[PDB]
Amino acid sequence: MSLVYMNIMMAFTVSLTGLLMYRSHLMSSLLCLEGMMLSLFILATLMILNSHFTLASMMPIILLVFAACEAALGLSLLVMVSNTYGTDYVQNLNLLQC
Amino acid sequence: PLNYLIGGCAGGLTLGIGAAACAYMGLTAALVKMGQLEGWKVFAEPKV
Amino acid sequence: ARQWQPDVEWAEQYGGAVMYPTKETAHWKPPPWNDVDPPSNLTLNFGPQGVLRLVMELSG
Amino acid sequence: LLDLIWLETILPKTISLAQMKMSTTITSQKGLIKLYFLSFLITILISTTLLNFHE
Amino acid sequence: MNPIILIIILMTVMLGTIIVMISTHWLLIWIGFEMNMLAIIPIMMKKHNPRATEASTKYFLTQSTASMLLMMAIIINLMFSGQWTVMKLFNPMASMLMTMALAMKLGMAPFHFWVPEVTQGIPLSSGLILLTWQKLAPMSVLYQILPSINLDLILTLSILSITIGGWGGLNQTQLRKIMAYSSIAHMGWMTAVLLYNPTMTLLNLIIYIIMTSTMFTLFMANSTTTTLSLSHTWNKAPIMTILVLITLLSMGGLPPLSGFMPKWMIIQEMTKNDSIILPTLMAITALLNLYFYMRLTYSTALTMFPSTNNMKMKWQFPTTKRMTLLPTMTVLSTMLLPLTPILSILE
Amino acid sequence: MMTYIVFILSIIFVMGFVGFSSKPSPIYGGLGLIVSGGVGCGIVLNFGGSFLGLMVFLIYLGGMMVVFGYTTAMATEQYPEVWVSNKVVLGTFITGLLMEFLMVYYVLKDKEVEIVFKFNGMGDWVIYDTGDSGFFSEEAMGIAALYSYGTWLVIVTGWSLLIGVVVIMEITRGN
Amino acid sequence: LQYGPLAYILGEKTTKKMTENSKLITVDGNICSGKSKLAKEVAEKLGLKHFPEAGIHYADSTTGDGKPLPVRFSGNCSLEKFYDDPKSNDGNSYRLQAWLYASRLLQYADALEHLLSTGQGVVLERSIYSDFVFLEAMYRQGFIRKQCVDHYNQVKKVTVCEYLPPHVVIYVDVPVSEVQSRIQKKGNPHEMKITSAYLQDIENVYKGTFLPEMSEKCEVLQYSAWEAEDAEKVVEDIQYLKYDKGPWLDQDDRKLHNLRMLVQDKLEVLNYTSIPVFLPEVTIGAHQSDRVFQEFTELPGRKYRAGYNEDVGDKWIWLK
Amino acid sequence: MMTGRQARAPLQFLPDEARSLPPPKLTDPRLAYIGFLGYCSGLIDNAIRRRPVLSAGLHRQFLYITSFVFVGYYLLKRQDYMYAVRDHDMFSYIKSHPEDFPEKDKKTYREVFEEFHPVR
Amino acid sequence: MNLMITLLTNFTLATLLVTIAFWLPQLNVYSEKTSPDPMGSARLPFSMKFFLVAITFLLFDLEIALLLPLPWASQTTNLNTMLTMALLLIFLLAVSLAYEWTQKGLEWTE
Amino acid sequence: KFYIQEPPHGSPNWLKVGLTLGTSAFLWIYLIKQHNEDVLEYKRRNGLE
Ligand SMILES: CCCCCCCCCCCCCCCCCC(=O)OC[C@H](COP(=O)(O)OCCN)OC(=O)CCCCCCCCCCCCCCCCC
Ligand SMILES: Nc1ncnc2c1ncn2[C@@H]1O[C@H](COP(=O)(O)O)[C@@H](O)[C@H]1O
């Protein structure tokens, strides 16, 4: 397919691979997840402006707002983890092995 | 079918446990041979 | 003689964290019964930076 | 010999031995979220490139 | 939790699933999944202990990844089709992404690695919601996009889900993880028959929700979370003893019980379409589910009985718990098989 | 050179995610995501999406990544780094960022022009100014139609934001 | 139930009945400290509902006809046999102690349920917070084993964390000499077999372990053998306290609604007392449990739910 | 399968054309079996709350039976409607494509040759 | 184009003033000094209140993001629907504020 | 009396019993009316009179 869309998809898959190989922190997971959301915003915006499809121009803002609210929820979860262990480490989140 | 039964038991002797893997891989390769003969579909297309 | 109802050794081998204790599963202790797990405040030194030093046990 | 051992070995017990070994190689997960998403990416890199399920 | 806030949040969960069910637009599908997740996160944290925060964190990560993959599938559909109707997808790349994302939202294998954890971390009513109500929206989207779902991918996910939900039930004493692996196996069963007859998908879904709701209602009536804690039911409430176990004999898939109703019908739709090997293998794995769950049945109705002395005090107090629809759901999860041709109402 | 500018930004955008998908730290991860948000906003603004680019700055970057840096700065206990006199404390920064722009200019090489020149977009890609629109940004009026046409969308969005407030205040209580 | 979440919606808020007299006061002391009169005296000065000390047959007194049941249905343990042989073979020591912990847990649940359903305070005698002080004093005498202390700490860890501490802990200082004087003057032939060092270890775990950890979570009031005789000085100490510690201060209608829904469900209160931790003093086999349960079902009024027994004169059953 | 039929008139539990079909009788064995399920739910409800199972709550058992019969009557009407739609669409598609459904020439066994396999 | 030149000139002047501010007193050979505040070696305790006001900013900022196209939405033909949805969004922002009020969310930073 | 505490089901809840019998009788009479209207509609559409 097209070229700049392939670049935005490449960024989406790169932040996906960063979202699928955890190093140390939960904040790194939330950052890779919101980089994915950013690339979804960029690619949706370029499609909607390309076709001159007018009513969908409110769609990326919608795609922003919900997902930003989603990120807020994720941040609050991280905080409660960091109120139990002192760190946001993903290896402290292993009590559900049994 | 019998030749791939021999081939499955040959793959089972280099697997180990020995006779069980012999019989299992022999019966599995037998089912592969019989699927190639009678046209048995594992991921069958939805037709009706 | 009447009808076999267990020994306690039969009941204890259906417990723990795992059914079959293997090598990697032997140290897994079972979770707590009510599913809750057993889990300070800030202390500042307003130094001389009249003059007075203030040790503050603050709580937020 | 034949019933109390051999036919007791092949039908009820070596098959159950196979299932308990397969489950202890499955149900031995450490609970690490890193390894769980690493296995998810193993799935993605097997299916999207090799297995060709997007075609 | 404030009960008015609980009612508002539960109606928001129901509203998010309804918005996924009624919408002709992909943005509203995504909005309904976001609303459903956002509202179900406090249901898991009803008790405020670290296992619920860990469970909610794992659930947030998996469902958020699935939501972003769903939006990427929607965006690629808008590339190759320029439109937004919830219908078949116009790229097999977007089809593969939406199938993977809905398998993540259902917890189908190999994206099953969050289902026995989160169900372990949360209470029994929230696990009931997670294993009954949260299946309804991605199965609805799979119902609406089946002209684009790849056959080989959905069959691979189906049989892998049935095998892993089978071999997950061996090593477990926790009732909630056993319900989670039973969930994974039954989602493999539902998505096995999806591209052949989705009426049997809805039949399997309804029978699964009835059996799962009966089992979680019995677990809430007895307040038992493990096998060993379930083993004291015979001395406390003896009528509670067998109903769990005839419901679990149903959940294995066993005649004449109504849990034999889905799987047989699924086989009845796959031997029509000339697949003989695949339902044979899947229902042999269902017999492996019978193997482990029948071992649990032997655990409760038989050998490992013995009581403790404080149980004598529980004899002087009845259950004041709300066992809501539990006789109705116990009758509907066993004796429904002579009404098997009722399934035509699900067309 | 100037024609391919959106494409150039997209390349930088991809490289920006390699800044933080390799995850050196959550703080440098936030920094790389801010730079990536700015260059993806440049991509958006160069198709005439002015309001959407300012929503990237005002709501994604200045609204949400502020909160990500704020929550990150309330975690991940810090430690000092190299603090020698100016031949280290700023000279290494300038040589490192010059090597970063060297890496940006370094990828535009013979393996790139086989994709650029065979699939030349600039010349025929950016077609947002195809004819006249009138006295109005079409993107502005499409966002304006959220209130007349988007009644159900605004209802479910405002309900999700109210439920977001309620959900955050319930899970962040501990009681 | 009668009280539920719908009653909380319709306006039955349990801080509306929380007055300054709504205080849960636990009187603590040694075996014959003579506090049993004092608590009753507080019940006729502060206007509080006195709950007596939970014996073997507390749950028998709360349910059914209110009479004590035979010992095979309730307890399967005797206080007097612990007085005779504390180092017995069959393990009456930890079995009697665990049944007393469950009975005091039902007493404390009834105490909080009365306090939250009426707004009238409750005077308790030796609540669940002061029960381990016997157990430890038993384990210091070798009367039980270490595994019994582990089982009790498991049950306490999963049960006492759900509740609030009392408002006032009234402790009585009576040394071992006057305790033995009152035991020998009491006239119980079994109770006089209590050794000296057992009472000493009760008083030691009182003074060194119980009261210092109760000092942070509530306010204690400590009395000797003779100044606890006057009720008016005790009531003047109670009323002129300034309640400033403890988790009672951050209790709104939501937390107290959760606590009141918790304590009215008696099977959820008594849930974790019978955890499946197999200890030989409390483990009953299947045949004995079956036989005792089937003998329990044929007791008058115990065959069905309480409004449904024709043998004790329940009418209108076919419309209930 | 038949979702294109219920797509021009959505969310109709019983369409108007379903009124052209005979309703189930009130002595339907399926409906009496659903009433038996109501009686079983009443007995289980009186059992799990430790009530005298046959005696207590006769109004409650009567409402269990009545509610199951009431829902089951409409479920049987919808079942009969859906199988009637199935046969109606089948017969219309058979009538509208005779070239895909030829009349097979039925041969008597005096022409049909079967290989005899002797059993001995 | 002019905007990119202006941003580049502002960035160049900023980096030039920072570079002058660092390299001009490092001409001096003043002194290499040694021996390295209200805490000496204390860790940072987390505060829940600062995170609550950050998430409150983010949620009301999303509600403002919805409210932003109102000067354009005033020009529409369906003014009754537009007025109802504008008042509904500002009312939901006010309901979020009242729920932040009554559940003690605005306390000790009120 | 026999009980030391009053049970929640010592007396029949007459509002609940009355609503139960009234709702059940309403479902019976509405079911009979629906079946009579359906057989009348069947005989009117298919001419079996
Ligand atoms: C084509 C078909 C389309 C779809 C058809 C319909 C699908 C319905 C799916 C239903 C899923 C229900 C999930 C559970 C209900 C949701 C709310 C909830 O959890 O209520 C339970 C409630 C919570 O009370 P709480 O105080 O939290 O208890 C925990 C201990 N304190 O109270 C309790 O915990 C009390 C214990 C009993 C709860 C029983 C709830 C059963 C609900 C499901 C009934 C069966 C399914 C519906 C009928 C068949 C249709 C599939
Ligand atoms: N370990 C114990 N030994 C003896 N009595 C105990 C023990 N724990 C609690 N008690 C109770 O304490 C009572 C003594 O208090 P009193 O009623 O004042 O004599 C006894 O009658 C028992 O019911």
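Bear in mind that the values in this text are calculations on the coordinates, not laboratory data. All Cβ positions, even for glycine, are placed from backbone atoms using ideal geometry, and neighbour counts span all protein chains on display.
Kindly establish whether E:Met265 is more than 16 Å from ligand 2 (Cβ to nearest atom), of a type outside the set (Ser, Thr, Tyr), under 18 Å from the mean Cα position of the chain (by Cα) and part of a helix (DSSP H, G or I).
no
Taking E:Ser148 as meeting all but one of (1) surrounded by 22 or more Cβ atoms within 10 Å (Cβ to Cβ); (2) touching a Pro at 6+ places or on another chain (Cβ under 9 Å); (3) within 14 Å of chain D (Cβ to nearest Cβ), write down the number of the exception.
If we test E:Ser148 against (1) surrounded by 22 or more Cβ atoms within 10 Å (Cβ to Cβ); (2) touching a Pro at 6+ places or on another chain (Cβ under 9 Å); (3) within 14 Å of chain D (Cβ to nearest Cβ), just (1) comes out false.
One residue is enough: does the range G:198-207 have a residue meeting the conditions among the aliphatic types (A, V, I, L, M) and more than 16 Å from G:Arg126 (Cα to Cα)?
No, that holds for no residue.
Taking H:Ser96, is it touching a helix residue (DSSP H, G or I) at 6+ places or on another chain (Cβ under 7 Å) and surrounded by fewer than 18 Cβ atoms within 10 Å (Cβ to Cβ)? So that I can check it myself, show each step before the final result.
Numbers: touching a helix residue (DSSP H, G or I) at 6+ places or on another chain (Cβ under 7 Å): no; surrounded by fewer than 18 Cβ atoms within 10 Å (Cβ to Cβ): yes.
Spelling it out, it is not the case that H:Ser96 is touching a helix residue (DSSP H, G or I) at 6+ places or on another chain (Cβ under 7 Å) and surrounded by fewer than 18 Cβ atoms within 10 Å (Cβ to Cβ).
From the list I:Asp37, I:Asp61, which one is at the interface with chain F (Cβ under 10 Å from one of its Cβ atoms) and acidic (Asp, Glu)?
Details: I:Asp37 fails: at the interface with chain F (Cβ under 10 Å from one of its Cβ atoms).
Only one candidate passes the filter, namely I:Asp61.
Given the criterion more than 10 Å from chain A (Cβ to nearest Cβ), of a type in the set (A, V, I, L, M, F, W, C) and surrounded by 13 or more Cβ atoms within 10 Å (Cβ to Cβ), identify the matching residue among D:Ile26, D:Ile46. Lay out the reasoning, then the answer.
Details: D:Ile46 fails: surrounded by 13 or more Cβ atoms within 10 Å (Cβ to Cβ).
Only one candidate qualifies: D:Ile26.
Just need a number here: residues in the range E:278-307 that are surrounded by fewer than 16 Cβ atoms within 10 Å (Cβ to Cβ) and over 30 Å from E:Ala237 (Cβ atoms).
Adding up the residues that qualify gives 4.
Output the residue which, of all residues in the range A:7-23 that are more than 8 Å from chain F (Cβ to nearest Cβ) and not aromatic (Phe, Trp, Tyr), is farthest from A:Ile61 (Cα to Cα).
Among those that are more than 8 Å from chain F (Cβ to nearest Cβ) and not aromatic (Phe, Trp, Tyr), it is A:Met21.
Looking at the structure I just gave you, is E:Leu243 more than 14 Å from chain C (Cβ to nearest Cβ) and either within 16 Å of ligand 2 (Cβ to nearest atom) or crowded, with 24+ Cβ neighbours inside 10 Å (or both)?
Values: more than 14 Å from chain C (Cβ to nearest Cβ): yes; either within 16 Å of ligand 2 (Cβ to nearest atom) or crowded, with 24+ Cβ neighbours inside 10 Å (or both): yes.
Judged against the criteria, E:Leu243 is a match.
Mind listing whichever residues of the range C:7-34 are at the interface with chain G (Cβ under 9 Å from one of its Cβ atoms), in contact with a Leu (Cβ under 9 Å, 6 or more places away or on another chain) and part of a loop (DSSP other than H, G, I, E, B)?
C:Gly15
Provide a single number: the residues in the range I:38-69 that are more than 13 Å from the chain's Cα centre (by Cα) and either closer than 17 Å to I:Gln103 by Cβ or outside any helix (DSSP H, G or I) (or both).
The number of residues fulfilling the criteria is 16.
Would you pick out the residues in the range E:304-347 that are more than 9 Å from chain H (Cβ to nearest Cβ), closer than 17 Å to E:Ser223 by Cβ and either within 11 Å of ligand 1 (Cβ to nearest atom) or under 19 Å from the mean Cα position of the chain (by Cα) (or both)?
Result: E:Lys321, E:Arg322, E:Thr324.
Across the range I:8-23, what is the total count of residues that are at the interface with chain F (Cβ under 10 Å from one of its Cβ atoms) and over 21 Å from F:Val89 (Cβ atoms)?
Total meeting the criteria: 0.
Among the residues of the range F:97-112, what is the count of those that are within 16 Å of A:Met6 (Cβ to Cβ) and over 25 Å from the mean Cα position of the chain (by Cα)?
1
Please list, ordered by residue number, the helices (runs of 4 or more DSSP H) wholly in the range G:186-288 having 2 or more residues that are in contact with a strand residue (DSSP E or B) (Cβ under 9 Å, 6 or more places away or on another chain). It would help to see each step written out before you state the result.
Details: elements: G:196-205, G:211-217, G:231-239, G:253-264, G:266-269.
Filter on the range G:186-288 gives G:211-217, G:231-239.
Pairs needed: first member in the range E:202-227, within 11 Å of chain G (Cβ to nearest Cβ); second member anywhere, near ligand 1 (Cβ under 9 Å from one of its atoms) and part of a helix (DSSP H, G or I); C-beta distance under 7 Å; at least 6 residues apart or different chains.
Short answer, once both residue conditions are applied: E:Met220/E:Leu124; E:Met220/E:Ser125; E:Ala221/E:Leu326; E:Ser223/G:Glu268.
Which one of the conditions (1) small (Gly, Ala, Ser); (2) part of a helix (DSSP H, G or I); (3) within 14 Å of ligand 2 (Cβ to nearest atom) does G:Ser177 fail to meet, given that it meets all the rest?
G:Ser177 satisfies every listed condition except (3).
Answer yes if at least one residue in the range H:22-32 is touching a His at 6+ places or on another chain (Cβ under 7 Å) and farther than 30 Å from E:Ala237 by Cα, and no otherwise.
We begin by selecting, within the range H:22-32, every residue touching a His at 6+ places or on another chain (Cβ under 7 Å); these are H:23, H:26.
Okay, now just the ones that are also farther than 30 Å from E:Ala237 by Cα, so H:23, H:26.
There is at least one residue in the range H:22-32 that is touching a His at 6+ places or on another chain (Cβ under 7 Å) and farther than 30 Å from E:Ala237 by Cα.
Considering the range G:289-314 alone, what residues qualify as being charged (D, E, K, R), more than 9 Å from chain J (Cβ to nearest Cβ) and in a loop (DSSP other than H, G, I, E, B)? Steps first, please.
Taking the range G:289-314 and keeping what is charged (D, E, K, R), we get G:290-291, G:295, G:298, G:302-303, G:305, G:310-311, G:314.
With the extra rule that they be more than 9 Å from chain J (Cβ to nearest Cβ), the set shrinks to G:290-291, G:295, G:298, G:302-303, G:310-311.
Those that are charged (D, E, K, R), more than 9 Å from chain J (Cβ to nearest Cβ) and in a loop (DSSP other than H, G, I, E, B): G:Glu298, G:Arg302, G:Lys303.
Do we find a residue being within 14 Å of the chain's Cα centre (by Cα) and more than 28 Å from G:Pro280 (Cβ to Cβ) anywhere in the range G:60-82?
yes
Among what's in the range E:170-218 and is hydrophobic (A, V, I, L, M, F, W, C), surrounded by 22 or more Cβ atoms within 10 Å (Cβ to Cβ) and within 19 Å of E:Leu325 (Cβ to Cβ), pick the residue that is farthest from ligand 1 (Cβ to nearest atom).
E:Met179
Mind counting the residues in the range B:7-48 that are surrounded by 13 or more Cβ atoms within 10 Å (Cβ to Cβ) and not aliphatic (A, V, I, L, M)?
15
Among the residues of the range H:13-49, count how many are assigned to a loop (DSSP other than H, G, I, E, B) and under 16 Å from H:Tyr73 (Cα atoms).
So the first thing to find is which residues in the range H:13-49 are assigned to a loop (DSSP other than H, G, I, E, B), and the list is H:13-16, H:21-28, H:49.
Those still in the list that are under 16 Å from H:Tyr73 (Cα atoms) too: H:13-15, H:21-28.
Qualifying residue count, the range H:13-49: 11.
Condition check ((1) within 19 Å of G:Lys186 (Cα to Cα); (2) away from chain J (no Cβ under 14 Å); (3) within 11 Å of ligand 2 (Cβ to nearest atom)) across all residues:
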| residue | (1), (2), (3) |
| --- | --- |
| G:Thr19 | no, yes, no |
| G:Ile31 | yes, yes, yes |
| G:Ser36 | yes, yes, yes |
| G:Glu41 | no, yes, no |
| G:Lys45 | no, yes, no |
| G:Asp65 | no, no, no |
| G:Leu69 | no, no, no |
| G:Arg72 | no, yes, no |
| G:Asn76 | no, yes, no |
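Could you check how many residues of the range H:4-30 are exposed (fewer than 13 other Cβ atoms within 10 Å of the Cβ) and over 17 Å from the mean Cα position of the chain (by Cα)?
8
Looking at this structure, is G:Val122 away from ligand 1 (no atom under 16 Å from the Cβ) and surrounded by fewer than 21 Cβ atoms within 10 Å (Cβ to Cβ)?
Details: away from ligand 1 (no atom under 16 Å from the Cβ): yes; surrounded by fewer than 21 Cβ atoms within 10 Å (Cβ to Cβ): no.
Spelling it out, it is not the case that G:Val122 is away from ligand 1 (no atom under 16 Å from the Cβ) and surrounded by fewer than 21 Cβ atoms within 10 Å (Cβ to Cβ).
Would you be able to say whether some residue in the range G:251-266 is within 8 Å of another protein chain (Cβ to nearest Cβ), under 22 Å from the mean Cα position of the chain (by Cα) and charged (D, E, K, R)?
Yes, the range G:251-266 contains at least one residue that is within 8 Å of another protein chain (Cβ to nearest Cβ), under 22 Å from the mean Cα position of the chain (by Cα) and charged (D, E, K, R).
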